[PDB]
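The structure appears right after this line, and notes come after that.
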Amino acid sequence: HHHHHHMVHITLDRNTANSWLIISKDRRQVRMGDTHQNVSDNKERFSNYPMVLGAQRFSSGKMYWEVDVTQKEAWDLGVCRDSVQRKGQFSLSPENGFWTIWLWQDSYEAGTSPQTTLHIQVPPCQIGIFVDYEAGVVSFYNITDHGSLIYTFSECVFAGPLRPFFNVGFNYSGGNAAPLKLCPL
Ligand SMILES: CCc1nc(Cn2ccccc2=O)no1
């Protein structure tokens, strides 16, 4: 791919974070805390899962960013509608306003309904996310494997402004504490 020149500087929005997340001072890293992080509740916060949104909203153009997933066992990444449900239980699907991939129990899957198996030969340490708003495309790239394509959502019906979407995943196992990090441009 040759999408690197649409690079955007993403920062995390504290106010959208699950109350157990710890976001770094620079707003570029997020990890699971071992307890509630002593913040007030609000209608924006994801309640059921360890999720947070980027601050940036996109309604046009081409955008690209990279995320470090080194040594994590579980995570979700992609984009979502600004209007997605925050409270209670829901599935990650385009019908619910999410265009995502994930790692879970040693398999990679795209968040279609039902989910799609991904064929990754080189487990990624960094993931590239490309959005073309006008084209209706969200693509995922394996930066560890020379930028190889992971998955393309096409014919997307965004139906609103998009936000970068993150899930650090639970840490029941003690093997998933590592952060998600937004990688430098
Ligand atoms: C949304 C609630 C929540 N709790 C935790 C953190 N947590 C707590 C116990 C066991 C595993 C584990 O990951 N993360 O989200």
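Note on naming: chains are A, B, ... as they come in the structure tokens, residues start from 1 per chain, ligands start from 1 in the order shown.
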Each residue of chain A with at least one atom at most 6 Å from ligand 1 should appear once, together with its nearest atom pair and the corresponding distance in Å (one decimal); atoms considered: only C-alpha atoms and all ligand atoms; ordering: chain, then increasing residue number; output as CSV.
residue,atom,partner,partner_atom_place_in_ligand_line,distance
A:47,CA,ligand 1,1 (C),5.7
A:48,CA,ligand 1,1 (C),4.2
A:49,CA,ligand 1,1 (C),4.2
A:50,CA,ligand 1,15 (O),4.9
A:170,CA,ligand 1,13 (O),3.2
A:171,CA,ligand 1,13 (O),3.6
A:172,CA,ligand 1,11 (C),3.8
Near-residue 125 in chain A list (12 Å; only C-alpha atoms; drop same-chain fewer than 6 positions) as a VMD selection string: chain A and resid 66 to 73 103 141 to 147 178 to 181 183
Could you save the residues just selected, with N, CA and C atoms, as a PDB file, in the first residue's frame?
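out.pdb, freshly written:
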ATOM      1  N   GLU A  66      -1.674   4.306  12.545  1.00  0.00           N
ATOM      2  CA  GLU A  66      -1.068   3.011  12.939  1.00  0.00           C
ATOM      3  C   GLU A  66      -1.151   2.821  14.439  1.00  0.00           C
ATOM      4  N   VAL A  67      -1.416   1.582  14.832  1.00  0.00           N
ATOM      5  CA  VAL A  67      -1.562   1.222  16.259  1.00  0.00           C
ATOM      6  C   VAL A  67      -0.630   0.049  16.593  1.00  0.00           C
ATOM      7  N   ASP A  68       0.061   0.145  17.732  1.00  0.00           N
ATOM      8  CA  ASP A  68       0.954  -0.899  18.288  1.00  0.00           C
ATOM      9  C   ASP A  68       0.130  -1.804  19.179  1.00  0.00           C
ATOM     10  N   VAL A  69       0.168  -3.101  18.894  1.00  0.00           N
ATOM     11  CA  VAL A  69      -0.563  -4.153  19.648  1.00  0.00           C
ATOM     12  C   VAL A  69       0.408  -5.179  20.285  1.00  0.00           C
ATOM     13  N   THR A  70       1.686  -4.846  20.341  1.00  0.00           N
ATOM     14  CA  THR A  70       2.745  -5.770  20.807  1.00  0.00           C
ATOM     15  C   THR A  70       2.320  -6.436  22.122  1.00  0.00           C
ATOM     16  N   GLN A  71       2.484  -7.757  22.142  1.00  0.00           N
ATOM     17  CA  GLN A  71       2.286  -8.709  23.275  1.00  0.00           C
ATOM     18  C   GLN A  71       0.865  -8.708  23.832  1.00  0.00           C
ATOM     19  N   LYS A  72      -0.128  -8.160  23.148  1.00  0.00           N
ATOM     20  CA  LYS A  72      -1.511  -8.329  23.636  1.00  0.00           C
ATOM     21  C   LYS A  72      -2.143  -9.643  23.162  1.00  0.00           C
ATOM     22  N   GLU A  73      -3.022 -10.203  23.963  1.00  0.00           N
ATOM     23  CA  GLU A  73      -3.788 -11.436  23.697  1.00  0.00           C
ATOM     24  C   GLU A  73      -5.143 -11.136  23.048  1.00  0.00           C
ATOM     25  N   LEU A 103      -8.348  -9.478  17.616  1.00  0.00           N
ATOM     26  CA  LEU A 103      -7.651 -10.689  18.054  1.00  0.00           C
ATOM     27  C   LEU A 103      -8.402 -11.250  19.257  1.00  0.00           C
ATOM     28  N   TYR A 141      -3.981  -3.138   7.500  1.00  0.00           N
ATOM     29  CA  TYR A 141      -2.648  -3.512   6.931  1.00  0.00           C
ATOM     30  C   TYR A 141      -1.751  -4.026   8.055  1.00  0.00           C
ATOM     31  N   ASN A 142      -0.949  -5.044   7.744  1.00  0.00           N
ATOM     32  CA  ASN A 142       0.010  -5.674   8.700  1.00  0.00           C
ATOM     33  C   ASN A 142       1.368  -4.992   8.556  1.00  0.00           C
ATOM     34  N   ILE A 143       1.709  -4.058   9.430  1.00  0.00           N
ATOM     35  CA  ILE A 143       2.931  -3.232   9.250  1.00  0.00           C
ATOM     36  C   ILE A 143       4.140  -4.161   9.487  1.00  0.00           C
ATOM     37  N   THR A 144       4.009  -5.143  10.356  1.00  0.00           N
ATOM     38  CA  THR A 144       5.105  -6.118  10.685  1.00  0.00           C
ATOM     39  C   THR A 144       5.476  -6.912   9.435  1.00  0.00           C
ATOM     40  N   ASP A 145       4.500  -7.228   8.588  1.00  0.00           N
ATOM     41  CA  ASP A 145       4.676  -7.980   7.319  1.00  0.00           C
ATOM     42  C   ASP A 145       4.679  -7.043   6.099  1.00  0.00           C
ATOM     43  N   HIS A 146       5.474  -5.977   6.131  1.00  0.00           N
ATOM     44  CA  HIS A 146       5.752  -5.117   4.950  1.00  0.00           C
ATOM     45  C   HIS A 146       4.435  -4.502   4.451  1.00  0.00           C
ATOM     46  N   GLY A 147       3.434  -4.352   5.327  1.00  0.00           N
ATOM     47  CA  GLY A 147       2.210  -3.623   4.945  1.00  0.00           C
ATOM     48  C   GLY A 147       1.182  -4.494   4.247  1.00  0.00           C
ATOM     49  N   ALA A 178      -0.778  -5.214  28.418  1.00  0.00           N
ATOM     50  CA  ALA A 178      -0.014  -4.264  27.576  1.00  0.00           C
ATOM     51  C   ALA A 178      -0.959  -3.238  26.961  1.00  0.00           C
ATOM     52  N   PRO A 179      -0.463  -2.012  26.731  1.00  0.00           N
ATOM     53  CA  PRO A 179      -1.273  -0.952  26.126  1.00  0.00           C
ATOM     54  C   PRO A 179      -1.440  -1.073  24.595  1.00  0.00           C
ATOM     55  N   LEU A 180      -2.475  -0.413  24.074  1.00  0.00           N
ATOM     56  CA  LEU A 180      -2.521   0.038  22.677  1.00  0.00           C
ATOM     57  C   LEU A 180      -1.772   1.375  22.605  1.00  0.00           C
ATOM     58  N   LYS A 181      -0.938   1.569  21.595  1.00  0.00           N
ATOM     59  CA  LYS A 181      -0.195   2.835  21.410  1.00  0.00           C
ATOM     60  C   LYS A 181      -0.402   3.350  20.008  1.00  0.00           C
ATOM     61  N   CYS A 183       1.120   4.974  16.967  1.00  0.00           N
ATOM     62  CA  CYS A 183       2.534   5.048  16.493  1.00  0.00           C
ATOM     63  C   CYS A 183       2.809   6.386  15.837  1.00  0.00           C
TER      64      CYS A 183
END
Long-range neighbours of residue 132 in chain A as a PDB file with N, CA and C atoms, in the first residue's frame, 9 Å cut-off, only C-alpha atoms, 6 positions minimum in chain:
ATOM      1  N   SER A  60     -15.247  13.272   5.638  1.00  0.00           N
ATOM      2  CA  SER A  60     -14.769  13.336   4.234  1.00  0.00           C
ATOM      3  C   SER A  60     -13.312  12.882   4.152  1.00  0.00           C
ATOM      4  N   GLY A  61     -12.835  12.592   2.939  1.00  0.00           N
ATOM      5  CA  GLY A  61     -11.401  12.444   2.676  1.00  0.00           C
ATOM      6  C   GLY A  61     -10.840  11.062   2.994  1.00  0.00           C
ATOM      7  N   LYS A  62      -9.518  11.013   2.956  1.00  0.00           N
ATOM      8  CA  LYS A  62      -8.743   9.798   3.178  1.00  0.00           C
ATOM      9  C   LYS A  62      -7.892  10.027   4.428  1.00  0.00           C
ATOM     10  N   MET A  63      -7.860   9.026   5.298  1.00  0.00           N
ATOM     11  CA  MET A  63      -7.180   9.101   6.604  1.00  0.00           C
ATOM     12  C   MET A  63      -6.448   7.800   6.873  1.00  0.00           C
ATOM     13  N   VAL A 138     -12.915   0.821   4.423  1.00  0.00           N
ATOM     14  CA  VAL A 138     -12.016   0.725   5.608  1.00  0.00           C
ATOM     15  C   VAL A 138     -11.079  -0.480   5.387  1.00  0.00           C
ATOM     16  N   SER A 139      -9.789  -0.234   5.348  1.00  0.00           N
ATOM     17  CA  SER A 139      -8.791  -1.308   5.129  1.00  0.00           C
ATOM     18  C   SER A 139      -7.803  -1.374   6.295  1.00  0.00           C
TER      19      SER A 139
END
Taking only range 14-144 of chain A into account, list the residues labelled strand (DSSP E or B) by DSSP (computed from the backbone), as a PyMOL selection string. chain A and resi 21-23+29-32+51-54+58+62-68+75-81+98-104+107-110+116-117+126-132+137-142
List as a PyMOL selection string the protein and nucleic acid residues near residue 155 in chain A, meaning an atom at most 10 Å away when only C-alpha atoms are counted, but skip any in the same chain fewer than 2 places from it. chain A and resi 135-138+152-153+157-158
Excluding residue 164 in chain A and its own-chain neighbours fewer than 3 positions away, which residues fall within 6 Å of it when counting only C-alpha atoms? Please give them as a list in words. residues 53, 54 and 79 of chain A
Within 6 Å of residue 166 in chain A using only C-alpha atoms, minus same-chain residues under 6 positions, as a ChimeraX atom specification: /A:51-52,76-77
Give the helix (DSSP H, G or I) residues of chain A, as DSSP finds them on the backbone, and put them as a list in words.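 Selection result, helix (DSSP H, G or I) within chain A: residues 4, 5, 6, 14, 15, 16, 94, 95 and 96 of chain A.
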Those residues with N, CA and C atoms, as an mmCIF file, in the first residue's frame please?
data_model
loop_
_atom_site.group_PDB
_atom_site.id
_atom_site.type_symbol
_atom_site.label_atom_id
_atom_site.label_comp_id
_atom_site.auth_asym_id
_atom_site.auth_seq_id
_atom_site.Cartn_x
_atom_site.Cartn_y
_atom_site.Cartn_z
ATOM 1 N N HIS A 4 0.351 5.952 3.396
ATOM 2 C CA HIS A 4 1.140 6.606 4.478
ATOM 3 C C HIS A 4 0.996 8.138 4.429
ATOM 4 N N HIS A 5 0.900 8.742 3.232
ATOM 5 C CA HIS A 5 0.813 10.220 3.031
ATOM 6 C C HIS A 5 -0.557 10.796 3.447
ATOM 7 N N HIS A 6 -1.558 9.972 3.760
ATOM 8 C CA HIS A 6 -2.839 10.452 4.359
ATOM 9 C C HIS A 6 -2.771 10.352 5.877
ATOM 10 N N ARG A 14 -10.536 10.992 26.532
ATOM 11 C CA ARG A 14 -10.715 10.588 27.957
ATOM 12 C C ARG A 14 -12.190 10.417 28.316
ATOM 13 N N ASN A 15 -13.038 11.331 27.843
ATOM 14 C CA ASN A 15 -14.455 11.404 28.253
ATOM 15 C C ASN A 15 -15.246 10.209 27.726
ATOM 16 N N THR A 16 -14.775 9.548 26.649
ATOM 17 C CA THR A 16 -15.444 8.365 26.070
ATOM 18 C C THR A 16 -14.932 7.076 26.700
ATOM 19 N N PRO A 94 -21.162 -3.822 11.185
ATOM 20 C CA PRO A 94 -21.544 -2.626 10.436
ATOM 21 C C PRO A 94 -22.983 -2.195 10.693
ATOM 22 N N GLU A 95 -23.880 -3.152 10.944
ATOM 23 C CA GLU A 95 -25.301 -2.807 11.255
ATOM 24 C C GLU A 95 -25.354 -1.953 12.520
ATOM 25 N N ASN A 96 -24.459 -2.179 13.490
ATOM 26 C CA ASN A 96 -24.437 -1.371 14.733
ATOM 27 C C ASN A 96 -23.485 -0.178 14.605
#
Determine the nearest neighbour of residue 128 in chain A from the options A:185, A:156, A:162, A:23, counting only C-alpha atoms. A:185
Shell around residue 114 in chain A at 10 Å using only C-alpha atoms, local window under 5 positions removed, as an mmCIF file with N, CA and C atoms, in the first residue's frame:
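selection.cif, freshly written:
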data_model
loop_
_atom_site.group_PDB
_atom_site.id
_atom_site.type_symbol
_atom_site.label_atom_id
_atom_site.label_comp_id
_atom_site.auth_asym_id
_atom_site.auth_seq_id
_atom_site.Cartn_x
_atom_site.Cartn_y
_atom_site.Cartn_z
ATOM 1 N N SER A 91 -22.990 -6.146 19.779
ATOM 2 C CA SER A 91 -21.983 -6.797 18.910
ATOM 3 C C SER A 91 -21.323 -5.752 18.006
ATOM 4 N N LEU A 92 -20.058 -5.982 17.673
ATOM 5 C CA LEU A 92 -19.318 -5.140 16.712
ATOM 6 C C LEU A 92 -19.701 -5.579 15.309
ATOM 7 N N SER A 93 -20.500 -4.784 14.607
ATOM 8 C CA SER A 93 -20.973 -5.117 13.248
ATOM 9 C C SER A 93 -21.200 -3.813 12.516
#
What separates CA of residue 38 in chain A and CA of residue 102 in chain A is a distance of 28.4 Å
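Nearest to residue 117 in chain A of all the residues A:163, A:150, A:18, A:83 is A:150, counting only C-alpha atoms.
In this structure, CA of residue 116 in chain A sits 14.2 Å away from CA of residue 98 in chain A.
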For range 28-108 of chain A against range 19-22 of chain A, with a cut-off of 7 Å and counting only C-alpha atoms, what is the closest atom pair and its distance in Å to one decimal for every residue that makes the cut, ordered by chain and number, as CSV?
residue,atom,partner,partner_atom,distance
A:30,CA,A:22,CA,5.6
A:31,CA,A:22,CA,5.4
A:32,CA,A:21,CA,4.9
A:33,CA,A:20,CA,5.3
A:35,CA,A:20,CA,5.9
A:36,CA,A:20,CA,4.6
A:37,CA,A:20,CA,5.3
A:39,CA,A:19,CA,6.4
A:50,CA,A:21,CA,6.7
Create the file for the chosen residues now, containing N, CA, C and O atoms and written as a short mmCIF file (atom, residue, chain, number, x, y, z; two decimals), in the first residue's frame.
data_model
loop_
_atom_site.label_atom_id
_atom_site.label_comp_id
_atom_site.auth_asym_id
_atom_site.auth_seq_id
_atom_site.Cartn_x
_atom_site.Cartn_y
_atom_site.Cartn_z
N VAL A 30 -3.15 3.81 25.75
CA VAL A 30 -4.25 3.42 26.67
C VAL A 30 -4.01 2.00 27.15
O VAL A 30 -3.63 1.15 26.35
N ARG A 31 -4.25 1.75 28.42
CA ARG A 31 -4.18 0.39 28.97
C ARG A 31 -5.27 0.20 30.01
O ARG A 31 -5.85 1.18 30.55
N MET A 32 -5.49 -1.08 30.30
CA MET A 32 -6.40 -1.53 31.36
C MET A 32 -5.79 -1.22 32.73
O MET A 32 -4.62 -1.57 32.97
N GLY A 33 -6.56 -0.57 33.59
CA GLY A 33 -6.13 -0.40 34.99
C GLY A 33 -6.58 -1.60 35.83
O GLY A 33 -7.42 -2.38 35.36
N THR A 35 -8.23 -1.39 38.57
CA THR A 35 -9.45 -0.95 39.32
C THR A 35 -10.14 0.19 38.56
O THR A 35 -9.53 0.75 37.58
N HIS A 36 -11.29 0.67 39.05
CA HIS A 36 -11.92 1.97 38.63
C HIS A 36 -10.92 3.10 38.76
O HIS A 36 -10.31 3.24 39.86
N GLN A 37 -10.81 3.97 37.74
CA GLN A 37 -9.79 5.04 37.72
C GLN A 37 -10.25 6.39 38.31
O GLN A 37 -9.58 7.44 38.07
N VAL A 39 -12.85 8.47 38.11
CA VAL A 39 -13.49 9.47 37.24
C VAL A 39 -15.01 9.42 37.45
O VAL A 39 -15.52 8.33 37.81
N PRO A 50 -13.83 -2.51 27.72
CA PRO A 50 -12.71 -1.57 27.89
C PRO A 50 -12.37 -0.76 26.61
O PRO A 50 -11.26 -0.82 26.10
#
